Structure formats: C-alpha cells, structure tokens
Amino acid sequence: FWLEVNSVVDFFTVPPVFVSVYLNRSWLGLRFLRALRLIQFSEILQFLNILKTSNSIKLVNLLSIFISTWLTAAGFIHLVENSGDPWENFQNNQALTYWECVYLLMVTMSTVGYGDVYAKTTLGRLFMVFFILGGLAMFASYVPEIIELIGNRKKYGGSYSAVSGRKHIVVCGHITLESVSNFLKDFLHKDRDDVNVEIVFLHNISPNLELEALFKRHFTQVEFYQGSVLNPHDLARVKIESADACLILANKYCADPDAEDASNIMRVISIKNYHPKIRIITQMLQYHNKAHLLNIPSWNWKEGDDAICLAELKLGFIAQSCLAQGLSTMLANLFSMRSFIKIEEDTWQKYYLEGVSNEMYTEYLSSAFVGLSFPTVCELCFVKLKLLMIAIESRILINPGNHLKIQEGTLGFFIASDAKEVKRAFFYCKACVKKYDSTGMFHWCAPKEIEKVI
Amino acid sequence: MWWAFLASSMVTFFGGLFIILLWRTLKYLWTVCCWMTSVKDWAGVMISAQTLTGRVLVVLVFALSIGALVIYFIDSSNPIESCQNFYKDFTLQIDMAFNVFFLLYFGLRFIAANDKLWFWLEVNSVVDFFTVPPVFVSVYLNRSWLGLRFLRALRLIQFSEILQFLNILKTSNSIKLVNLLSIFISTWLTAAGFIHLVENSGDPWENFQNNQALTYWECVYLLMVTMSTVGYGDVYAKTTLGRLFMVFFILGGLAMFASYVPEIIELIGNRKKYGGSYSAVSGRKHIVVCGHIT
Amino acid sequence: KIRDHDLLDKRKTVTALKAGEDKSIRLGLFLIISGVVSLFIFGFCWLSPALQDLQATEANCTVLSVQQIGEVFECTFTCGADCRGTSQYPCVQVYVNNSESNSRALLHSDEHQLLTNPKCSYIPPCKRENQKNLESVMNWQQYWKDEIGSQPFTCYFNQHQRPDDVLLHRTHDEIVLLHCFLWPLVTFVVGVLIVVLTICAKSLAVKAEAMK
Amino acid sequence: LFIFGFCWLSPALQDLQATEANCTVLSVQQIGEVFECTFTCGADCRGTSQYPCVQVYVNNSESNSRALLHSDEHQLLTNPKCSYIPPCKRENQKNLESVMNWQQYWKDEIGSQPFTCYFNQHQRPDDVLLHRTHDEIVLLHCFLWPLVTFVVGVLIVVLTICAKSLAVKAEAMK
Ligand SMILES: CC(C)CCC[C@@H](C)[C@H]1CC[C@H]2[C@@H]3CC=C4C[C@@H](O)CC[C@]4(C)[C@H]3CC[C@]12C
Ligand SMILES: CC(C)CCC[C@@H](C)[C@H]1CC[C@H]2[C@@H]3CC=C4C[C@@H](O)CC[C@]4(C)[C@H]3CC[C@]12C
Ligand SMILES: [K+]
Ligand SMILES: [K+]
Numbered sequence: 177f178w179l180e181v182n183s184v185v186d187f188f189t190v191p192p193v194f195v196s197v198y199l200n201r202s203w204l205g206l207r208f209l210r211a212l213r214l215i216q217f218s219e220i221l222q223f224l225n226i227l228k229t230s231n232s233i234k235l236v237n238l239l240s241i242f243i244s245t246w247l248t249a250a251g252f253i254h255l256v257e258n259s260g261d262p263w264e265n266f267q268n269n270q271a272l273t274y275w276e277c278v279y280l281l282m283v284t285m286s287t288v289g290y291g292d293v294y295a296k297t298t299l300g301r302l303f304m305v306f307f308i309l310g311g312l313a314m315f316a317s318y319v320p321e322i323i324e325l326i327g328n329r330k331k332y333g334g335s336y337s338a339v340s341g342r343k344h345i346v347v348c349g350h351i352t353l354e355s356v357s358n359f360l361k362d363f364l365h366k367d368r369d370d371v372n373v374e375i376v377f378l379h380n381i382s383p384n385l386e387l388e389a390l391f392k393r394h395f396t397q398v399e400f401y402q403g404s405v406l407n408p409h410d411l412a413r414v415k416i417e418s419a420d421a422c423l424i425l426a427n428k429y430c431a432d433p434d435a436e437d438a439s440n441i442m443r444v445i446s447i448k449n450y451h452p453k454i455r456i457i458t459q460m461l462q463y464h465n466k467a468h469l470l471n472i473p474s475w476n477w478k479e480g481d482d483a484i485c486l487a488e489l490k491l492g493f494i495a496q497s498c499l500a501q502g503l504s505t506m507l508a509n510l511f512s513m514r515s516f517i518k519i520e521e522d523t524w525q526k527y528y529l530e531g532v533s534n535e536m537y538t539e540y541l542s543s544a545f546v547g548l549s550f551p552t553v554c555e556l557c558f559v560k561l562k563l564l565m566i567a568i569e577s578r579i580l581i582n583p584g585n586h587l588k589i590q591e592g593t594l595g596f597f598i599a600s601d602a603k604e605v606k607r608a609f610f611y612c613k614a615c683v684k685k686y687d688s689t690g691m692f693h694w695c696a697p698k699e700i701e702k703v704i
Numbered sequence: 021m022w023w024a025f026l027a028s029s030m031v032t033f034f035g036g037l038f039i040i041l042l043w044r045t046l047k048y049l050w051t052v053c054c093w094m095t096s097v098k099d100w101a102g103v104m105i106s107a108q109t110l111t112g113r114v115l116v117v118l119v120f121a122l123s124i125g126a127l128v129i130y131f132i133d134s135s136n137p138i139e140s141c142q143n144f145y146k147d148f149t150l151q152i153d154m155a156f157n158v159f160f161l162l163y164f165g166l167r168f169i170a171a172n173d174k175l176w177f178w179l180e181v182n183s184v185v186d187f188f189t190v191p192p193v194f195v196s197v198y199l200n201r202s203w204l205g206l207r208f209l210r211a212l213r214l215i216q217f218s219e220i221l222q223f224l225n226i227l228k229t230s231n232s233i234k235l236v237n238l239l240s241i242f243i244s245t246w247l248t249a250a251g252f253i254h255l256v257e258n259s260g261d262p263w264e265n266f267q268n269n270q271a272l273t274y275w276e277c278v279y280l281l282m283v284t285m286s287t288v289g290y291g292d293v294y295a296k297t298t299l300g301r302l303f304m305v306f307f308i309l310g311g312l313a314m315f316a317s318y319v320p321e322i323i324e325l326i327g328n329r330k331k332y333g334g335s336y337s338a339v340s341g342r343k344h345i346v347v348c349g350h351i352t
Numbered sequence: 024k025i026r027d028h029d030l031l032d033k034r035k036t037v038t039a040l041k042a043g044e045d046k047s048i049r050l051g052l053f054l055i056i057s058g059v060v061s062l063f064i065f066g067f068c069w070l071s072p073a074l075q076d077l078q079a080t081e082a083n084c085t086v087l088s089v090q091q092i093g094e095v096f097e098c099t100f101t102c103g104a105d106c107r108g109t110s111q112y113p114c115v116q117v118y119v120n121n122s123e124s125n126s127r128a129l130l131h132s133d134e135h136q137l138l139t140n141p142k143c144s145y146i147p148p149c150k151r152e153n154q155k156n157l158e159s160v161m162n163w164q165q166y167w168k169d170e171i172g173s174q175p176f177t178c179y180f181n182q183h184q185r186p187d188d189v190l191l192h193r194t195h196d197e198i199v200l201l202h203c204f205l206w207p208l209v210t211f212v213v214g215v216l217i218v219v220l221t222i223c224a225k226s227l228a229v230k231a232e233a234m235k
Numbered sequence: 062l063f064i065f066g067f068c069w070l071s072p073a074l075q076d077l078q079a080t081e082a083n084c085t086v087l088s089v090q091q092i093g094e095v096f097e098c099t100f101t102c103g104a105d106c107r108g109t110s111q112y113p114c115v116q117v118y119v120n121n122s123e124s125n126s127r128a129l130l131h132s133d134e135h136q137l138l139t140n141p142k143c144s145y146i147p148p149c150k151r152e153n154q155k156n157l158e159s160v161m162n163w164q165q166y167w168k169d170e171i172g173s174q175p176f177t178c179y180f181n182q183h184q185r186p187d188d189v190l191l192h193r194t195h196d197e198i199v200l201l202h203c204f205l206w207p208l209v210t211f212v213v214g215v216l217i218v219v220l221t222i223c224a225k226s227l228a229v230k231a232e233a234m235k
C-alpha cells in the first residue's frame, strides 16, 4: 500500500501544505502531481454507465494517460526551468509560465520545434533529452492499438431501439448481396401500401462490400444487426417478442442440402423456445425434411406458420408445364409485385407487359352472391366487375362444378390488376385389385423391381 | 460588439434555429392543448445536377465562390486602411453583386430540402450565414470587414461534382482522389484564414496592443511549414490565442493524416488498373486473342 | 431498345426527425461544452493580469515639485506608411506627495507610459521636428505649473509593487466583468436552451402522434 | 498571371495613387545633426562615416502646405528629416562637399522656376517626392510574359490538334 502510486501522489502534496501555514506562503513545489490522478476518469464514466462498452474504455485509458503525462511533465519543466541551476547561484533563471511549458512540450514531442521558446537551464536541457527519448519510446509502445481503434471501433450493431406504434419482421439465416436482393426489391415495392414494417436483419458474420451500399440505398428501413440467432440474449435485444413474423432464408447453392435444412430446423426451435406465438416463414431445400416442423409442439400451420419447400415447388412448376407449356412462367408472374407498363410499339412484349401486371389476391365476397352457383358468380365477377375468380374456400375448392352453391363468409381468390380493385367484390350490392393410394388422390401399382424397367 | 458585424451573422443563424424549433413545437402542441415545394425544388436539382438541363447553377455557384475568394485575397493584401480606399470602385460593388446571387440561391434551397431543421444544419447553409449578413452591414459604414469571408474556401469541396457532370472524372476510383485532394487544399486555406484573423488582431487581455503584423500568404506558408513538421521558426504565432489554435491544428493535422493514411487501396492498389477502351484505328484491321494467356 | 427504363415515384419524409434530431442535440452539447471551456480559458487567462490593476488603490494626492531633467529621450514618429524614423523630447518630472503614503512619487499618465519611461511624468505624441515635441511637453507642463499644490486630485497607487510611482488612470476599462462572464455564459445558456427545447419537441411528438 | 496580379498590384497601387503637382521652394536650412551612413570599400567593409542634414521645404501648388522635398521614397524612408542623402564616402570632407554641391543647386534657384513634383495626401501632407518609385516594368512585364506563355500554349495545342485531325483525313485520301 505504501508503494501504490496514488499513495506516493498524496505524500508529495499533503505534508508541504501543513508547512505552508507557518510562513503563510504558497510553495509551488509538487502540487502539479495532482494531475497524475485524473487517470481514474474511466472508472467514474464506468459507474455512471456512460462507458459501458468493453472496447471504448481502453481508448479513454490511453487518452487519459497522454493528457495526464503531458500536464505532469510540463510541471517538471516549469519547476526546473523557472528556478535556475545551483552552479550559477540560481542567477540562471529563464522567466517561463506554466502555459508556455505546456506549449513547449507539445511543440517538442510533435517534432515541430520552432525554437521561439526552449529550455536554457542546464538541468532543463537534461530533462528535455529524457522527455524526447521517453516520448518516442512511449509512442512506439502504444502504436500497436490499431486493434482497438481501426479493428474494433467499427463493430456496429447492438441495441435496436423499438419505435412504438409500428410493427416489424425479423429476417435471419443466410444473407448476402444476392440473397436479400430479390427479396428487398419486391418487399419494398412501390405498388403496395405504406406498409412500413421492414426495420431489421440478424446474422453473425459482418456485412461486406456492396451489401452495405444496398443497405445505405434503403437507409430508413433495414437497420442490420450483428448477432447469432441461437442466443436468447441476442433475440432479446432484437425485441423479437414484439415482432410480427420471423422470415428464415437458406442457401439453395449449398454443398450438402440435407445438412442445411436440418440445421435450419433448430433455428426454428431456438425462436419458438424464446417465444412460442410468433409466425415463422421458412424455406426448405429437400422435401422429406418438411415433416420435422410438425414435431415442434408450438408449430401450428393453422395460425400461419409455413415452410416453402424449394424442391417441391421447383419440380412442381416444371411438372405442371408438361401438361401445358408456359404454365411455369404464368404462375411465377402472379406472385412478384409488378407495375403496369405502356409500350407504344407492336412488338410481342407490348401484350406480355400487360399480362405481367396481374398479381393474385383474395377477399371475402359480398353477401349479395350467397346462394348462387359458382359459375354464375364467376360470370358476374368478370362481366359486371372486371375480376377473374379462380377458387373459393369449403377448404380450397378450385373451379367448383355448377352443383356447388356459395355460402356466407367464403373467401374468393382473384387474379386482378392491383389490391385496391378487389374490394369491389365485397362492396357489390344490387347497383347494376389395388389401383390408387389409401386416399384415392393418385395412381398406384404393386412395387416393381429395377431390372424390369431398365 | 465590433459594430455588430459578427452579431448580424450570429443572430440570423440562431434566430432561424429558434424559429424552426418554436414552429415545430407549436405545430404539434396545438393538437394536444385540447405546392412550390416540388415545381421549384425540381429546378433546384434539374437546372443544377442529375439531368443537366438548362445551365448548371452549381457551376455558377462554384465560379462566384472562387470570385469571392479572389476578392478576399485582394482585400486582405491591403493594410486595412478603412477610412478611405478605392473600394468606391468595383471591388466592393462586385462582391455585393455575388452576395445577392448567393442570397437568391439560398432562397431556392430553403423551400426544397423538406425538414428545415436538417437544412439549417447543412455545412453549405452555415457557410452562407457566416458571409451574407455582414456584407449587407458593410454598406452602412462603406468599409470591408475582413471577418469570415475566408469560409468561401470551405465550398470548393464541390469540385468533384462539376468534373463529374462534364464527364471528365468518369472513373469510380479517381473521384475519391479528387475528393481527398480537395479536402486538403480547402482545409489548408481555411485554417490559414483563422490564423490570419486571430494572429493579426491581437489578444483582448493586452487591450489588443499585442499585434504581430502578418499577411494571409504568410499564414498559408506558416501552416504548411508547420504541418510538414519542418518548422523553421523564422515566422510563428506570438498571440496567446494564436498559440492555442496552433496546438489544436498540430493535433488535428496529425489525427487527419492518420485517418487518411489507409487510402493506399485507392492510390497504390487500384490506380494501376489499366485497360478499358481500345481506340479503333480506322484503315487497319485486327484479330482478338482470348481464353487462357500466360 | 431499353424500353421506358423505369418510373419516377418516391414518397418519403425522413419519418419526422432523425438526422435533424441528432444534429440539433449534438450542436446543443457542443455549445454547452465550448461555453464551459471558453469560461475556463477566459478565467485564468484574464484574471492573472486583471488582479494587478484591481490590486492598485486610489487616493487624492497633491503636487510636490515640477522639473526639467535635460536628457533628450528618443521617440518614434510615423509618416502614415512604415517610417521607422525617430525624433526626441525633453524629460519633465512631476512629483506628488501621496495623500495616504505621504511619500515623494512621480506622476505617470498610465502604466504603459510608466513602463516606457519610468524617469519622466509625461510622454508627448511624437512628431517630426524637435520644436513640436518641445511645445507638446511645454503645453502639458503648463497645466501643472499653473496648478501646483492647489486642488488635490484623484490618483492610483500600489505599495505592494512600488512606493514611488503614481498613476492618473486605470489600465483596464470594464471590458473584463462585462465580457468574460458574458459571452461564454450566453453561449452555454443558448446551448442548454436548444437541448431542452429539442427534448421537449422530441418527447411531445410521440405523445401527439399517439392522440389519434 | 494569377500570382503576378495581387503580388504586383498591392505595392503598385501605392505609387499609382500618388499625385503630381508643380511646387516651389519655401526655405533651405542646415540642421546640425550629423547622421551616420555606411560606406563600402569594394569588399565587405561595414565601416561608417557621417553627413550634415539639409532640409529643403517646398510649398505645394495644390495643397499650399509646408513640406520637405525627398529624392525618392527610399530616401524618405531612410531619413524623413533630411531632403537629400549623399553617396556615402570615407572622409567627412567628401560627404560634406557632396551635400554642399546638391545644396548649391537649390540655393541659387530658390522659388524661381516652379517644378514638377509628386505627392499623396492620403498618406502624408508634409512630404514631397522628386521621382516615382516604380518604372513602367509593371504594365510592360506583368500583363506580358504570363500572357505570352498562355498564347504559346494555346497555339501549340491548336496547331497539334490541327495536324492530328488532318493526318487521318490525309491517310484516307488514297
Ligand atoms: C533530479 C532533480 C529533481 C534535481 C533537483 C531539481 C529540483 C527538484 C530542485 C533542485 C534545486 C531546487 C530549487 C533551488 C532553489 C529554489 C529557489 C526558491 O526561491 C524556489 C524553489 C527553488 C527553485 C528550488 C526548487 C526545487 C529545486 C528546483
Ligand atoms: C474562440 C475564439 C474565436 C475567441 C474569439 C477570437 C476572435 C473570433 C474574436 C475575439 C476578439 C475579436 C477581435 C477583437 C477586436 C478586433 C479589433 C478590430 O480592429 C478588428 C477585429 C478584431 C481583431 C476582433 C475580431 C474577432 C476577434 C478576433
Ligand atoms: K523539425
Ligand atoms: K525546427
């Protein structure tokens, strides 16, 4: 304890103050050593919780050491240079002020050295040769802190302020400058409503080159965070208890598809453990692995949770086109949001760009249609209104036969120009041997042997 | 006080800030107590940038900014006689003819940039508040106050955009070099202005008796010989304020160079990316070789 | 070839405040800090010289003698543009007996005049010909020579520094009390007001938006 | 041109601002004060000698005020109390005679024959000059050599672009 630096700094100031009252005169001796204890500035900013960050406290230590040593060493130069040398009977004074010593030492250790003011006392020069060596040894020691300043100060993301009165989704899993691109172009589309919910992203590895440019292009509605979806600590800071849904993305270009989608199941587990009632939308690379989602006790697809199986839709659209060509490009245009475009030319694409403007929508039909047969309603939708009806829910009934009658509160599915038009369908009022599988859904036969079909 | 020259700028800046604050407060609070914005805004980006229609106003703003600088170099060369000079001739009038144009150009941008609080705190807005008001005070006394007229140098930062509109600086790498180069010559000429202002007019504590007779070109030289770490000390700052500013500029200069020392990615790494045009000499013919070359 | 390209459609409002809220708060803090720092500087920078004038006392002294010394002191006279030429003036000494110190002391116009010549009680505005300097001393000398000892008068003095020099005027006007405690304080007050005012508008804005 | 502009115009305005008049001698005097001057010996002698101060006053024809005459602003700046400075020499006698000889030329022509002289009330009412400080090098060299440099540059660019554009047109003539 006696050899602690804050103990030494008290011994070099308290005793001479109690001598000073005898003569009633202020000895300017080692009273500048009080500057040697503002090193403790980090702790008080750390107790007010202002300097909470583990990286930033190092910067405040290094900064405090420099201003404390600068003010202290200027004190020694003042003391030694103002009161001359013994050898000249102290006749060798240079009339210097403390602020000129603070300046001199700064102009010196910057290697500028104007020489308009400089140390004349032989002791002062001796100290200056020590402080030049000491200063350059000190900077050579602390030149390796670019790990703090350049390497780690750039670690952004760890709070996500929750703006009340809005709602949002969470996107996570596998994100890259291509993987988010087809999503963001359609999610932030101009032809939907002011549905301003997109405010977050979350995955461990930091963003790269033009992904940050793509985020800056949508500065108001991205708000990325570093953090891993397996920690309930990270989920808590992203405010996922408040989120409307959690969209999970997976790389279809994987080296082993049956490893990625299995990994992706436990991303669903981690989320459902933290919070059971949140919507999950996810993508699966293989088909068989889709069964696993039903095991998770709080997965209920009747509340909206669903898994987009890439192999199931990919081979499905292709299979469908073997009955009628172009049906793959037909369906793939009904889901992407797309503006109507005018072309003045008579080229083939003039008529095609009318067709592509058609997205698919759903809406509860008016009470005025209840008790009619499906074909009768579908005529009126296309002749009286300008909407084509595909199907009704009776649990997903597509193009029902005339023998089927519409009841109250049924959804219709429509393929029409813009979401704002479908409401016409709701407001309308007057105006004017074994051969199959166990369910009979598919064809079946007794198992063959591969030698019989090569 | 200083004949309220400085006060005219300082009051019109903070007065506008308080107006916007009060207006934005009351426009909300009145709900709790119980147009040209585009058709002129578009001209403020289409006559001046993006579609390059009509004549680039940014180009006139740039040329008149340099004109005001040249007038500042002339005015600061004279020994500040004040009582009588040739300013009755063009010198003062032509500065007033640029200041009216700047006032109108500021007038156009005031309606444009939606949330006026953020527009008021734009650096090119601040640089206009620190020059336009004291010029209209200057006509009362008929004398040129050398105050913050050197801040006109703070807006030649926009030199990249006009070289980018003439399509001279078409290259995505080379525009970074022109930005970094422009920031250095703009900050150098600006900081030399502060040293001139503070060092020529002495300290309050000595009743302003503490003058050192310095010219703007010696301040441009001093600051260059200082931040190069040479420091001959044949000319240096004597005023106690001047020394204080010099200790700030030495720290600021070395912090700035440490920040921009990581641009070797531009200069050494990417300036060497040759090849992207192949001029076609007519009257000859040629082959193309490609695939795998070593 | 490239169709109609795209469409000109955009509808945004920076939400309400974000970049303006950050900048206005930052500016308020900068004005707060630079107010406190400017007071901290103008403190020990101004108080160190101002204490020396403040320490000087006042009294009501009387003339004791008036003399011509003979020594012709050099002075610099300007010609309106950079003449470093010089001329000379005769030294006059006016002694006073101080009303409190009762000691012989020389009078001096101001500490500037005292520091530039401690052996003479006046310095003329220096001019080209010896005659103009001589008359400019005589004219000031006359005003004391016709009022020796009659009408005691207000004068300034400092025994701590020197018992034998007396001043007709103070060296500092009231700029210190009027400008040192004012402009950094006003700078701090405007900073505090802009922070408080902005936090009022920020906190009120959400409460007004929730009223629907 | 940008450099030679505010570099040359700042001093050149001060001579240009000085006016001309046709003044007359008012008085001639010996002051007594022996001013020091430096005399060279052909190689680095910093030795000095002395000369008697003469003052020639003129009444200015426009300002009608008493003023001292001065050869040039150099002589005025180096001694504002004397109307002449001799070429400084070794012995006191040679300096004295070199003042007397110049004094004689005024002493035999006091007030007769009014003469051309230069003056500037803006700076000072009481000093008058026999000559201008700058010769016509400014108008002749400031607006010339940078301009000639620019003109040669423009000509070499234009000429070369002429040859460059013509060359392909000549090659195509076959
Ligand atoms: C190794 C170093 C510290 C050798 C000692 C230097 C310092 C600490 C010592 C040595 C000589 C001492 C000085 C000599 C005498 C005086 C004159 C007096 O009116 C003020 C104190 C002062 C100025 C002393 C202060 C302390 C002092 C400066
Ligand atoms: C923090 C800094 C800016 C403190 C203020 C310094 C500058 C901006 C202020 C403080 C004192 C002021 C100076 C004091 C008085 C004079 C004398 C006058 O004939 C010219 C202007 C001049 C020279 C003022 C210019 C502006 C000034 C230099
Ligand atoms: K050096
Ligand atoms: K040096």
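Protein sequence lines, in the order shown, are assigned to chains B, A, E and H. Numbered by PDB author numbering, the letters in the first sequence go through residues 177 to 569, 577 to 615, 683 to 704 in order. Numbered by PDB author numbering, the letters in the second sequence go through residues 21 to 54, 93 to 352 in order. For the third sequence, PDB author numbering begins at 24 and goes up steadily by one. For the fourth sequence, PDB author numbering begins at 62 and goes up steadily by one. Built from N, CA and C at the ideal position, the CB exists for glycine as well.
In the DSSP annotation of this structure, the continuous segment of the alpha helix (DSSP H) that includes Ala313 of chain A starts and ends at 298-318. The shortest C-alpha to C-alpha distance from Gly103 of chain H to any of H:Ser88, H:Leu137, H:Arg151, H:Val229 is the one to H:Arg151. For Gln142 of chain A, the C-beta contacts it makes with chain H under 7 Å involve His183, in order along the chain.
Residues of chain E with a Cβ closer than 7 Å to the Cβ of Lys366 of chain B are, in chain order, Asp32. If you draw a straight line from the Cα of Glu97 of chain H to the Cα of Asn156 of chain H, it comes to about 11 Å. By the rule that beta-carbons nearer than 8 Å mark a contact, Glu232 of chain H touches chain A. Sequence-distant Cβ neighbours of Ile484 of chain B in its own chain, meaning closer than 6 Å and more than five residues away, are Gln459.
Between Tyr611 of chain B and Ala544 of chain B, the CB-CB gap stays under 8 Å.
Neighbours of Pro72 of chain E in chain A, taken as residues at a C-beta separation under 7 Å, are given in chain order as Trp263.
By the Cβ-count criterion, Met565 of chain B is buried, with 16 or more other Cβ atoms from all chains shown falling within 10 Å of its own Cβ. Between the stretch 349-363 of chain B and the stretch 372-382 of chain B there are three or more C-beta pairs closer than 8 Å, enough to call the two in contact.
Listed in chain order, the non-local C-beta contacts of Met282 of chain A below 8 Å within the same chain comprise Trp246, local neighbours out to five positions each way being set aside. Of all residues in the stretch 267-287 of chain B, only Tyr279, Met282, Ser286, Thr287 place a beta-carbon less than 7 Å from a beta-carbon of chain A.
For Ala73 of chain H, the three-state secondary structure derived from DSSP is helix.
Around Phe516 of chain B, the same chain offers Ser533 as residues with beta carbons nearer than 6 Å, after the five sequence neighbours per side are excluded. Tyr463 of chain B carries a coil assignment under DSSP once its states are collapsed to helix, strand and coil. Per DSSP, the beta bridge partners of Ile345 of chain B are B:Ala421. Looking only at B:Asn582, B:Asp367, B:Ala614, the smallest Cα-Cα distance to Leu31 of chain E is reached by B:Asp367. Cβ-Cβ distances below 7 Å link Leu221 of chain A to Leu227, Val236 in the same chain, with the five nearest sequence neighbours on each side left out; the list follows chain order. A Cβ-Cβ separation of about 16 Å leaves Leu510 of chain B out of contact with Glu539 of chain B under the 8 Å criterion.
Under the criterion of beta carbons closer than 8 Å, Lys588 of chain B and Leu556 of chain B do not qualify as touching, at roughly 15 Å. The beta-carbon distance between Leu503 of chain B and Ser497 of chain B, rounded to whole angstroms, is 5 Å. This is short enough to meet the 8 Å contact definition. Residues of chain B with a Cβ closer than 7 Å to the Cβ of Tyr294 of chain A are, in chain order, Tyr290, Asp292.
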